[PDB]
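Everything below concerns the one structure shown next.
Every chain is numbered from 1, with letters handed out A, B, ... down the list of sequences. Note: hydrogens, waters and symmetry copies are ignored here, and every other heavy atom, side chains too, is used. Order of listing sets the numbers, starting from 1, for every ligand and every atom in it.
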Amino acid sequence: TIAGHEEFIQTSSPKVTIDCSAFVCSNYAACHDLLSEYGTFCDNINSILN
Amino acid sequence: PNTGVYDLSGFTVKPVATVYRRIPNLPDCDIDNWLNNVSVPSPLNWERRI
Ligand SMILES: *[C@@H]1O[C@H](CO)[C@@H](O[C@@H]2O[C@H](CO)[C@@H](O)[C@H](O)[C@H]2NC(C)=O)[C@H](O)[C@H]1NC(C)=O
């Protein structure tokens, strides 16, 4: 006879994007003023995810 | 800058109005009358008012 069987292979995943300064310091201005003197920390995270 | 897709600054919907609520017709605490009481307790039997 002829048997049949199925097989899944994963080729992709969900594309997660992250706003760094909205995650860390959501809406408060004193938080953004303190975060601005960390330099290039959020840009590197955004670049790695892109 | 080059051609590309840029994820720009995070925006929040700005708040239009304010909703301020309190309880009307409350008595006065009068902490100044308790502080200006005549009898003053010692540190051995200090006094507390809630
Ligand atoms: C200052 O504190 C004394 C606590 O010794 C108050 O005396 C009390 O007064 C109330 C009514 O005024 C009485 O019901 C209590 O019995 C009193 N306490 C005692 C231990 O007798 C006094 O009233 C306070 N002063 C003011 C202006 O409130």
In the complex you have, is atom 4 (C) of ligand 1 within reach of the protein, judged by whether a heavy-atom distance drops under 4.0 Å? no

B/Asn45 side-chain N/O to B/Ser42 backbone N/O, donor-acceptor pair under 3.5 Å: yes

Above 12 or not: heavy atoms from other molecules or residues under 6.0 Å from CG of B/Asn25? no

Does B/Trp46 have more than 12 heavy atoms from other residues, nucleotides or ligands lying within 6.0 Å of its CH2? no

For atom 16 (O) of ligand 1, decide whether some protein heavy-atom distance is shorter than 4.0 Å. no

OH of B/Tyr20: more than 12 outside heavy atoms within 6.0 angstrom? no

Mark whether atom 10 (C) of ligand 1 lies under 4.0 angstrom from at least one protein heavy atom. no

Atom 26 (C) of ligand 1: closest protein heavy atom, distance to 0.1 Å, is B/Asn37 ND2, 3.8 Å

